[PDB]
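Engineer: Next comes model_9.tsv, TSV, C-alpha atoms and all ligand atoms:
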chain	number	residue	atom	x	y	z
A	58	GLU	CA	91.68	26.70	24.78
A	59	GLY	CA	89.00	25.04	26.94
A	60	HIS	CA	86.27	22.77	25.57
A	61	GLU	CA	86.55	24.17	22.02
A	62	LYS	CA	89.15	26.62	20.68
A	63	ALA	CA	87.80	30.08	19.80
A	64	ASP	CA	88.70	33.78	19.88
A	65	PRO	CA	87.02	37.19	20.51
A	66	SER	CA	86.49	37.89	16.80
A	67	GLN	CA	84.08	34.91	16.68
A	68	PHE	CA	81.49	36.53	18.98
A	69	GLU	CA	79.16	39.54	18.97
A	70	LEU	CA	78.44	41.32	22.28
A	71	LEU	CA	74.75	42.25	22.65
A	72	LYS	CA	74.15	43.02	26.35
A	73	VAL	CA	75.66	42.75	29.80
A	74	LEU	CA	73.40	40.28	31.63
A	75	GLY	CA	74.92	40.98	35.04
A	76	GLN	CA	78.04	41.78	37.05
A	77	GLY	CA	79.48	40.35	40.27
A	78	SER	CA	82.71	39.83	42.23
A	79	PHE	CA	83.50	36.71	40.18
A	80	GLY	CA	83.64	38.71	36.92
A	81	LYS	CA	81.08	39.88	34.35
A	82	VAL	CA	78.46	38.17	32.16
A	83	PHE	CA	77.51	39.05	28.59
A	84	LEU	CA	74.89	38.01	26.09
A	85	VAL	CA	76.75	37.10	22.89
A	86	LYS	CA	76.04	35.63	19.45
A	87	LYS	CA	78.32	33.24	17.54
A	88	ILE	CA	79.30	34.65	14.14
A	89	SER	CA	81.60	31.89	12.81
A	90	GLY	CA	81.25	28.13	12.44
A	91	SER	CA	78.32	25.74	11.98
A	92	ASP	CA	76.38	27.21	14.94
A	93	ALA	CA	76.41	30.76	13.54
A	94	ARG	CA	73.80	33.05	15.12
A	95	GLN	CA	73.61	30.85	18.25
A	96	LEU	CA	73.16	32.95	21.40
A	97	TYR	CA	75.43	32.29	24.40
A	98	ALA	CA	76.35	33.66	27.81
A	99	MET	CA	79.96	34.85	27.92
A	100	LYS	CA	81.40	34.83	31.44
A	101	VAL	CA	84.67	36.77	31.57
A	102	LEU	CA	86.78	36.66	34.74
A	103	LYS	CA	89.79	38.73	35.83
A	104	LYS	CA	92.87	36.46	35.91
A	108	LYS	CA	92.07	35.74	40.36
A	109	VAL	CA	93.68	32.37	41.19
A	110	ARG	CA	97.22	30.97	40.90
A	111	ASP	CA	99.38	28.22	42.43
A	112	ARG	CA	102.68	26.41	41.73
A	113	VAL	CA	104.06	29.60	40.12
A	114	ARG	CA	101.43	29.35	37.35
A	115	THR	CA	98.02	31.02	36.93
A	116	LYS	CA	95.68	28.04	37.29
A	117	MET	CA	92.32	28.47	35.54
A	118	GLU	CA	90.20	26.30	37.87
A	119	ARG	CA	87.40	26.82	35.39
A	120	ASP	CA	88.87	23.72	33.75
A	121	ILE	CA	86.31	21.73	35.75
A	122	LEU	CA	83.60	22.16	33.08
A	123	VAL	CA	85.61	20.15	30.54
A	124	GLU	CA	84.18	16.77	31.56
A	125	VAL	CA	80.78	18.05	32.77
A	126	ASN	CA	78.22	17.17	30.10
A	127	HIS	CA	74.60	16.52	31.10
A	128	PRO	CA	71.11	17.77	30.01
A	129	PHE	CA	70.45	19.58	33.30
A	130	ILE	CA	73.87	21.20	33.65
A	131	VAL	CA	75.44	24.12	31.79
A	132	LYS	CA	77.99	23.12	29.14
A	133	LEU	CA	81.18	25.09	28.48
A	134	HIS	CA	80.95	25.42	24.69
A	135	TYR	CA	84.11	27.52	24.18
A	136	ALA	CA	86.80	29.23	26.25
A	137	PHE	CA	89.77	31.58	25.75
A	138	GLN	CA	91.98	33.87	27.84
A	139	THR	CA	92.99	37.36	26.64
A	140	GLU	CA	95.12	40.05	28.35
A	141	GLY	CA	94.49	39.11	31.98
A	142	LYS	CA	90.89	37.94	31.41
A	143	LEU	CA	89.47	34.42	30.92
A	144	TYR	CA	86.36	34.11	28.72
A	145	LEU	CA	83.93	31.20	29.21
A	146	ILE	CA	81.08	30.76	26.72
A	147	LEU	CA	78.13	28.85	28.21
A	148	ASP	CA	74.48	27.99	27.55
A	149	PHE	CA	72.07	30.92	27.42
A	150	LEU	CA	68.93	30.13	29.43
A	151	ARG	CA	65.88	32.35	29.07
A	152	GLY	CA	63.40	30.89	31.56
A	153	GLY	CA	64.88	32.77	34.54
A	154	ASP	CA	65.89	31.51	37.98
A	155	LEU	CA	63.84	29.12	40.10
A	156	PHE	CA	64.34	31.75	42.83
A	157	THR	CA	62.24	34.24	40.85
A	158	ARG	CA	59.35	31.81	40.36
A	159	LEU	CA	59.52	30.92	44.08
A	160	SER	CA	59.29	34.63	44.92
A	161	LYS	CA	56.00	34.80	42.97
A	162	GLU	CA	54.27	31.43	43.45
A	163	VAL	CA	55.49	31.42	47.09
A	164	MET	CA	55.31	27.61	47.20
A	165	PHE	CA	55.21	24.96	44.49
A	166	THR	CA	52.88	22.00	44.03
A	167	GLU	CA	54.39	18.75	45.30
A	168	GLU	CA	54.40	17.52	41.67
A	169	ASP	CA	56.20	20.66	40.48
A	170	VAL	CA	58.83	20.14	43.20
A	171	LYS	CA	59.16	16.42	42.47
A	172	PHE	CA	60.08	17.42	38.91
A	173	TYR	CA	62.86	19.96	39.57
A	174	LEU	CA	64.40	17.89	42.38
A	175	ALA	CA	64.45	14.77	40.19
A	176	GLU	CA	66.30	16.59	37.39
A	177	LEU	CA	68.58	18.21	40.00
A	178	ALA	CA	69.21	14.73	41.43
A	179	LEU	CA	70.49	13.54	38.05
A	180	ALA	CA	72.63	16.67	37.76
A	181	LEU	CA	74.18	16.23	41.20
A	182	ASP	CA	74.87	12.54	40.51
A	183	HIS	CA	76.71	13.36	37.28
A	184	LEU	CA	78.94	15.87	39.12
A	185	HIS	CA	79.60	13.33	41.89
A	186	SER	CA	80.58	10.83	39.18
A	187	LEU	CA	83.32	13.33	38.26
A	188	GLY	CA	84.29	14.10	41.89
A	189	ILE	CA	82.75	17.60	41.76
A	190	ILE	CA	80.67	19.11	44.57
A	191	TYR	CA	78.29	22.07	44.43
A	192	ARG	CA	79.26	24.53	47.17
A	193	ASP	CA	76.36	26.96	47.13
A	194	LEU	CA	73.26	25.04	46.03
A	195	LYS	CA	70.84	27.97	46.31
A	196	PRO	CA	67.81	28.51	43.98
A	197	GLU	CA	69.61	31.30	42.06
A	198	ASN	CA	71.97	28.70	40.56
A	199	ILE	CA	69.12	26.61	39.13
A	200	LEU	CA	68.15	28.35	35.88
A	201	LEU	CA	65.27	27.37	33.60
A	202	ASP	CA	65.25	26.95	29.82
A	203	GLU	CA	62.30	28.18	27.75
A	204	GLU	CA	60.93	24.61	27.68
A	205	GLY	CA	60.66	24.53	31.48
A	206	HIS	CA	63.54	22.13	32.25
A	207	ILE	CA	66.37	23.20	34.57
A	208	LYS	CA	70.09	23.82	34.23
A	209	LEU	CA	72.55	24.05	37.13
A	210	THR	CA	75.08	26.86	36.72
A	211	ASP	CA	78.81	26.32	37.20
A	212	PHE	CA	79.25	28.96	39.93
A	213	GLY	CA	79.18	26.45	42.80
A	214	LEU	CA	81.40	23.80	41.17
A	215	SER	CA	84.51	22.73	43.08
A	216	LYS	CA	86.55	19.53	43.40
A	217	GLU	CA	85.87	17.36	46.46
A	218	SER	CA	89.35	15.94	47.20
A	228	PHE	CA	85.02	29.45	53.43
A	229	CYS	CA	81.92	31.23	52.16
A	230	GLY	CA	78.40	30.65	50.84
A	231	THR	CA	74.76	31.30	51.77
A	232	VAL	CA	74.63	29.79	55.25
A	233	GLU	CA	71.01	28.59	55.07
A	234	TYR	CA	71.76	25.97	52.38
A	235	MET	CA	75.03	24.94	54.09
A	236	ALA	CA	75.18	21.53	55.79
A	237	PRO	CA	76.25	20.97	59.45
A	238	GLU	CA	79.74	19.65	58.69
A	239	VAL	CA	80.34	22.65	56.40
A	240	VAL	CA	79.34	25.07	59.19
A	241	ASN	CA	81.96	23.45	61.43
A	242	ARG	CA	84.28	23.44	58.39
A	243	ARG	CA	84.82	19.69	58.74
A	244	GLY	CA	84.95	19.30	54.94
A	245	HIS	CA	82.57	19.44	51.97
A	246	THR	CA	81.73	15.82	51.13
A	247	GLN	CA	79.13	14.98	48.47
A	248	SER	CA	76.78	14.23	51.38
A	249	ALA	CA	76.60	18.00	51.95
A	250	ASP	CA	75.05	18.42	48.49
A	251	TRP	CA	72.16	16.14	49.52
A	252	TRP	CA	71.58	18.30	52.60
A	253	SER	CA	71.16	21.37	50.41
A	254	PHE	CA	68.93	19.18	48.25
A	255	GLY	CA	66.86	18.81	51.43
A	256	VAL	CA	66.89	22.58	51.99
A	257	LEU	CA	65.85	23.41	48.42
A	258	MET	CA	63.04	20.87	48.83
A	259	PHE	CA	61.80	22.16	52.20
A	260	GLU	CA	61.99	25.70	50.81
A	261	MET	CA	60.09	24.95	47.59
A	262	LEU	CA	57.28	23.27	49.56
A	263	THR	CA	57.00	25.62	52.56
A	264	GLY	CA	58.19	28.87	50.97
A	265	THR	CA	60.48	29.08	54.01
A	266	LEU	CA	64.02	28.03	54.94
A	267	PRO	CA	64.13	25.22	57.57
A	268	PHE	CA	66.88	26.95	59.56
A	269	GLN	CA	66.78	30.74	59.91
A	270	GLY	CA	67.32	33.13	62.84
A	271	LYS	CA	68.02	36.81	63.57
A	272	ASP	CA	71.46	36.69	61.91
A	273	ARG	CA	73.97	34.45	60.13
A	274	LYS	CA	75.35	33.38	63.52
A	275	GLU	CA	72.02	32.18	64.94
A	276	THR	CA	71.12	30.48	61.64
A	277	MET	CA	74.39	28.51	61.58
A	278	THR	CA	73.93	27.58	65.25
A	279	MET	CA	70.43	26.29	64.46
A	280	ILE	CA	71.74	24.11	61.61
A	281	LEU	CA	73.99	22.34	64.14
A	282	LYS	CA	71.63	21.60	67.06
A	283	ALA	CA	68.14	23.07	66.50
A	284	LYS	CA	65.49	20.35	66.07
A	285	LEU	CA	63.15	20.99	63.13
A	286	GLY	CA	59.37	20.51	63.31
A	287	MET	CA	57.94	18.94	60.15
A	288	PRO	CA	55.20	21.12	58.59
A	289	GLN	CA	52.23	18.75	58.52
A	290	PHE	CA	50.84	19.90	55.17
A	291	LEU	CA	53.66	17.94	53.51
A	292	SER	CA	52.75	14.41	52.40
A	293	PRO	CA	54.12	11.35	54.28
A	294	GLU	CA	56.58	10.83	51.41
A	295	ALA	CA	57.92	14.40	51.37
A	296	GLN	CA	58.27	14.28	55.16
A	297	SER	CA	60.01	10.90	54.93
A	298	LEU	CA	62.54	12.21	52.40
A	299	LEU	CA	63.29	15.39	54.36
A	300	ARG	CA	63.75	13.54	57.66
A	301	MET	CA	66.28	11.28	55.91
A	302	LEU	CA	68.07	14.12	54.08
A	303	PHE	CA	68.35	16.23	57.24
A	304	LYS	CA	70.73	14.11	59.31
A	305	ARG	CA	73.67	15.78	61.00
A	306	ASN	CA	75.92	12.76	60.49
A	307	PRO	CA	76.87	12.90	56.75
A	308	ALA	CA	77.33	9.12	56.59
A	309	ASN	CA	73.72	8.51	57.70
A	310	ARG	CA	72.21	10.93	55.15
A	311	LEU	CA	70.31	9.59	52.16
A	312	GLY	CA	72.60	9.47	49.13
A	313	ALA	CA	75.73	8.93	51.22
A	314	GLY	CA	75.70	5.13	50.95
A	315	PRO	CA	76.48	2.08	48.73
A	316	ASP	CA	73.80	2.73	46.09
A	317	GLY	CA	74.42	6.48	46.01
A	318	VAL	CA	71.73	8.49	44.20
A	319	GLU	CA	69.59	5.36	43.78
A	320	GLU	CA	68.62	5.81	47.44
A	321	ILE	CA	67.11	9.18	46.50
A	322	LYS	CA	65.67	7.73	43.28
A	323	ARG	CA	63.85	4.75	44.83
A	324	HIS	CA	61.90	6.83	47.36
A	325	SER	CA	58.12	7.09	47.77
A	326	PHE	CA	58.38	10.79	46.90
A	327	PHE	CA	59.73	10.10	43.40
A	328	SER	CA	57.60	6.98	42.94
A	329	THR	CA	55.81	8.61	39.97
A	330	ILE	CA	59.04	9.66	38.22
A	331	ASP	CA	60.19	7.91	35.04
A	332	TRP	CA	63.92	8.56	35.29
A	333	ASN	CA	64.62	7.49	31.69
A	334	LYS	CA	61.93	9.78	30.23
A	335	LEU	CA	63.01	12.54	32.64
A	336	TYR	CA	66.61	12.33	31.38
A	337	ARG	CA	65.49	12.52	27.74
A	338	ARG	CA	63.32	15.54	28.60
A	339	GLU	CA	60.28	13.51	27.53
A	340	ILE	CA	58.35	14.14	30.74
A	341	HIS	CA	56.67	17.53	30.31
A	342	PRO	CA	57.72	20.40	32.66
A	343	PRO	CA	55.00	21.81	35.00
A	344	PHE	CA	55.60	25.48	34.16
A	345	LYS	CA	56.69	27.13	30.91
A	346	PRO	CA	58.55	30.41	31.72
A	347	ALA	CA	58.61	33.80	29.97
A	348	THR	CA	61.36	34.92	27.58
A	349	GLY	CA	62.85	38.24	26.41
A	350	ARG	CA	62.17	37.23	22.79
A	351	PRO	CA	59.32	39.21	21.11
A	352	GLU	CA	57.00	36.16	21.19
A	353	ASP	CA	56.37	36.36	24.95
A	354	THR	CA	56.59	40.16	25.35
A	355	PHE	CA	54.23	41.53	22.67
A	356	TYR	CA	50.46	41.91	23.01
A	357	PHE	CA	48.23	40.77	20.14
A	358	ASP	CA	44.96	41.74	18.42
A	401	LIG	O1	78.38	30.85	34.62
A	401	LIG	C1	77.19	31.22	34.11
A	401	LIG	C2	76.99	32.54	33.72
A	401	LIG	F1	78.00	33.44	33.87
A	401	LIG	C3	75.80	32.96	33.19
A	401	LIG	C4	74.74	32.06	33.03
A	401	LIG	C5	73.46	32.54	32.45
A	401	LIG	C6	72.92	31.90	31.34
A	401	LIG	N1	71.78	32.27	30.75
A	401	LIG	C7	71.14	33.34	31.27
A	401	LIG	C8	71.58	34.06	32.36
A	401	LIG	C9	72.77	33.68	32.99
A	401	LIG	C10	73.22	34.45	34.18
A	401	LIG	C11	73.31	35.84	34.14
A	401	LIG	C12	73.72	36.57	35.25
A	401	LIG	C13	74.05	35.91	36.45
A	401	LIG	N2	74.47	36.63	37.59
A	401	LIG	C14	74.54	38.09	37.66
A	401	LIG	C15	75.90	38.51	38.16
A	401	LIG	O2	76.23	37.90	39.40
A	401	LIG	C16	76.22	36.48	39.27
A	401	LIG	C17	74.87	35.97	38.84
A	401	LIG	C18	73.95	34.51	36.48
A	401	LIG	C19	73.54	33.81	35.37
A	401	LIG	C20	74.94	30.74	33.41
A	401	LIG	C21	76.14	30.34	33.94
A	401	LIG	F2	76.29	29.03	34.31
Output the structure of this file as structure tokens.
Ligand SMILES: Oc1c(F)cc(-c2cnccc2-c2ccc(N3CCOCC3)cc2)cc1F
Structural biologist:
Amino acid sequence: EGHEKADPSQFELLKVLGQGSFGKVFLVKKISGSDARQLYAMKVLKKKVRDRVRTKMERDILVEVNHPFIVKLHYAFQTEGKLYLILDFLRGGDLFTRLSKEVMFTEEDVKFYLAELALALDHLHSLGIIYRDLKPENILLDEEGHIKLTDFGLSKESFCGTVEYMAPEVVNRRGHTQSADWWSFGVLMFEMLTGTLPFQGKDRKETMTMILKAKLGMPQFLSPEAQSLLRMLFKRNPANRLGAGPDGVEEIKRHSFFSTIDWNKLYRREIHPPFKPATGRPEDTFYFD
């Protein structure tokens, strides 16, 4: 079932990439079909979630999601109390990891990732999907340098998550509109530029409290544009935030900050990424001569 029909005997398990509460990730290689020898990430989850006296696989949200800068569910299948999602395998690492090293990114490097993330978030909003936990660990990089949002945070719009990226209405549990996603957009931006989270205290309590009332002082090494965008993104009324309006994402798009960005070339991955990441493949690991 899923996006394409497939079974266990059509995949070859190579590694376990990681393991969490959600389930367990594998590196796998397709053995059948036209894409034989194509590497994938196999996410397998313990079948838990269920409603209306039927086990509802709410990883049916990836069916309609198809976009350059988002992960695509290639195949899917359930098997003896486990659901198996096959997704894109990205070998550039997180954007968290690069942040941990570089500390802060050039305004042009940030402009890039945000712009591609903007397109991603718009696509999801066009399907009525919101990204709960928009932290930097969810934004993976491909070997080119372009991004890909993971599916972990996906959820229909109609409590938990890293509190720093959470928006004020979400803290008060007033509902997770798509305006919340643009707040986290603001956080990711502030963080990538300052190497620091805009709201953070001694504990999760104080941090949440600060999100609600604590006035933020703009770091004055940020350009007028970057400041402008942040000030607009960080508004505690969701309806007054940038993005939450008639135009939608065009508000974000037509801003001084992105005034260098060719959104058509960006989409077609024709604009060059700022940083090419390292890969596990022998090309990037070996020494030479
Ligand atoms: O749902 C997805 C998935 F399961 C995997 C990947 C993915 C694709 N290429 C390379 C690495 C990964 C990847 C590997 C491990 C993790 N984690 C470790 C365990 O706790 C959760 C986080 C996350 C991502 C992408 C997805 F969207």
Engineer: Could I get the residue neighbourhood of ligand LIG 401 (chain A) at 8 Å, counting only C-alpha atoms and all ligand atoms, as a ChimeraX atom specification?
Structural biologist: /A:74-84,97-101,131,145,147-151,153,197-198,200,209-212
Engineer: Please produce a file of the residues just selected, as a PDB file, in the frame of the given file, where the atoms kept are C-alpha atoms.
Structural biologist:
ATOM      1  CA  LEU A  74      73.400  40.280  31.630  1.00  0.00           C
ATOM      2  CA  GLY A  75      74.920  40.980  35.040  1.00  0.00           C
ATOM      3  CA  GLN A  76      78.040  41.780  37.050  1.00  0.00           C
ATOM      4  CA  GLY A  77      79.480  40.350  40.270  1.00  0.00           C
ATOM      5  CA  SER A  78      82.710  39.830  42.230  1.00  0.00           C
ATOM      6  CA  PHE A  79      83.500  36.710  40.180  1.00  0.00           C
ATOM      7  CA  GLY A  80      83.640  38.710  36.920  1.00  0.00           C
ATOM      8  CA  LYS A  81      81.080  39.880  34.350  1.00  0.00           C
ATOM      9  CA  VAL A  82      78.460  38.170  32.160  1.00  0.00           C
ATOM     10  CA  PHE A  83      77.510  39.050  28.590  1.00  0.00           C
ATOM     11  CA  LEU A  84      74.890  38.010  26.090  1.00  0.00           C
ATOM     12  CA  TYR A  97      75.430  32.290  24.400  1.00  0.00           C
ATOM     13  CA  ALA A  98      76.350  33.660  27.810  1.00  0.00           C
ATOM     14  CA  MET A  99      79.960  34.850  27.920  1.00  0.00           C
ATOM     15  CA  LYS A 100      81.400  34.830  31.440  1.00  0.00           C
ATOM     16  CA  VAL A 101      84.670  36.770  31.570  1.00  0.00           C
ATOM     17  CA  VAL A 131      75.440  24.120  31.790  1.00  0.00           C
ATOM     18  CA  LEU A 145      83.930  31.200  29.210  1.00  0.00           C
ATOM     19  CA  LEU A 147      78.130  28.850  28.210  1.00  0.00           C
ATOM     20  CA  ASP A 148      74.480  27.990  27.550  1.00  0.00           C
ATOM     21  CA  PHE A 149      72.070  30.920  27.420  1.00  0.00           C
ATOM     22  CA  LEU A 150      68.930  30.130  29.430  1.00  0.00           C
ATOM     23  CA  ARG A 151      65.880  32.350  29.070  1.00  0.00           C
ATOM     24  CA  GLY A 153      64.880  32.770  34.540  1.00  0.00           C
ATOM     25  CA  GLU A 197      69.610  31.300  42.060  1.00  0.00           C
ATOM     26  CA  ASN A 198      71.970  28.700  40.560  1.00  0.00           C
ATOM     27  CA  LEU A 200      68.150  28.350  35.880  1.00  0.00           C
ATOM     28  CA  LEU A 209      72.550  24.050  37.130  1.00  0.00           C
ATOM     29  CA  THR A 210      75.080  26.860  36.720  1.00  0.00           C
ATOM     30  CA  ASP A 211      78.810  26.320  37.200  1.00  0.00           C
ATOM     31  CA  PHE A 212      79.250  28.960  39.930  1.00  0.00           C
TER      32      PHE A 212
END
Engineer: Looking at all atoms listed in the file, which of A:299, A:283, A:249, A:179 is the one that sits closest to residue 313 (chain A)?
Structural biologist: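 Residue with the minimum atom-to-atom distance to residue 313 (chain A): A:249.
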Engineer: Quick one: pull the distance between CA of residue 275 (chain A) and CA of residue 232 (chain A), Å, one decimal.
Structural biologist: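 These atoms are spaced 10.3 Å apart.
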Engineer: So, counting all atoms listed in the file, which residue among A:236, A:119, A:185, A:247 is closest to residue 143 (chain A)?
Structural biologist: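 The closest residue to residue 143 (chain A) is A:119.
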Engineer: Box for region 188-205 of chain A: with edges along x, y and z, all listed atoms inside and 3 Å added on each side, what are the centre and edge lengths in Å to one decimal, as lines of an AutoDock Vina configuration file?
Structural biologist:
center_x = 72.5
center_y = 22.7
center_z = 37.4
size_x = 29.6
size_y = 23.2
size_z = 25.5
Engineer: Output region 142-165 of chain A as a compact mmCIF listing (two decimals), in the frame of the given file, making sure N, CA and C atoms are there.
Structural biologist:
# COMPACT_ATOMS: atom_id res chain seq x y z
N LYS A 142 92.30 38.26 31.28
CA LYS A 142 90.89 37.94 31.41
C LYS A 142 90.61 36.59 30.73
N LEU A 143 89.84 35.73 31.42
CA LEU A 143 89.47 34.42 30.92
C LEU A 143 87.99 34.45 30.53
N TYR A 144 87.68 33.97 29.31
CA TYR A 144 86.36 34.11 28.72
C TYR A 144 85.71 32.74 28.54
N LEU A 145 84.67 32.45 29.32
CA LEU A 145 83.93 31.20 29.21
C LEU A 145 82.60 31.45 28.50
N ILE A 146 82.33 30.68 27.45
CA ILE A 146 81.08 30.76 26.72
C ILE A 146 80.21 29.59 27.18
N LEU A 147 79.00 29.88 27.67
CA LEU A 147 78.13 28.85 28.21
C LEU A 147 76.75 28.92 27.56
N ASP A 148 75.86 28.02 28.00
CA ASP A 148 74.48 27.99 27.55
C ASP A 148 73.79 29.28 27.97
N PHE A 149 72.91 29.78 27.09
CA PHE A 149 72.07 30.92 27.42
C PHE A 149 70.66 30.40 27.72
N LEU A 150 70.22 30.62 28.96
CA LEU A 150 68.93 30.13 29.43
C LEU A 150 68.01 31.31 29.64
N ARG A 151 66.79 31.21 29.11
CA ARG A 151 65.88 32.35 29.07
C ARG A 151 64.52 31.94 29.65
N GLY A 152 64.57 31.17 30.74
CA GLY A 152 63.40 30.89 31.56
C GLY A 152 63.47 31.58 32.92
N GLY A 153 64.66 32.11 33.26
CA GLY A 153 64.88 32.77 34.54
C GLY A 153 65.33 31.79 35.62
N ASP A 154 65.50 32.31 36.84
CA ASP A 154 65.89 31.51 37.98
C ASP A 154 64.68 30.71 38.46
N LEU A 155 64.92 29.77 39.38
CA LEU A 155 63.84 29.12 40.10
C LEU A 155 63.56 29.92 41.38
N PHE A 156 64.51 30.79 41.75
CA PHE A 156 64.34 31.75 42.83
C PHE A 156 63.19 32.70 42.51
N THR A 157 63.22 33.26 41.29
CA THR A 157 62.24 34.24 40.85
C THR A 157 60.84 33.64 40.91
N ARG A 158 60.66 32.43 40.38
CA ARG A 158 59.35 31.81 40.36
C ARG A 158 58.89 31.50 41.79
N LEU A 159 59.84 31.16 42.67
CA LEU A 159 59.52 30.92 44.08
C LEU A 159 59.02 32.21 44.72
N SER A 160 59.65 33.34 44.37
CA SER A 160 59.29 34.63 44.92
C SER A 160 57.84 34.98 44.58
N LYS A 161 57.35 34.51 43.42
CA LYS A 161 56.00 34.80 42.97
C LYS A 161 55.02 33.76 43.50
N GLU A 162 55.19 32.50 43.09
CA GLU A 162 54.27 31.43 43.45
C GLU A 162 54.23 31.23 44.96
N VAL A 163 55.34 31.56 45.65
CA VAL A 163 55.49 31.42 47.09
C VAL A 163 55.89 29.98 47.40
N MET A 164 55.02 29.03 47.05
CA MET A 164 55.31 27.61 47.20
C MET A 164 54.83 26.87 45.96
N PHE A 165 55.49 25.75 45.67
CA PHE A 165 55.21 24.96 44.49
C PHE A 165 54.38 23.74 44.87
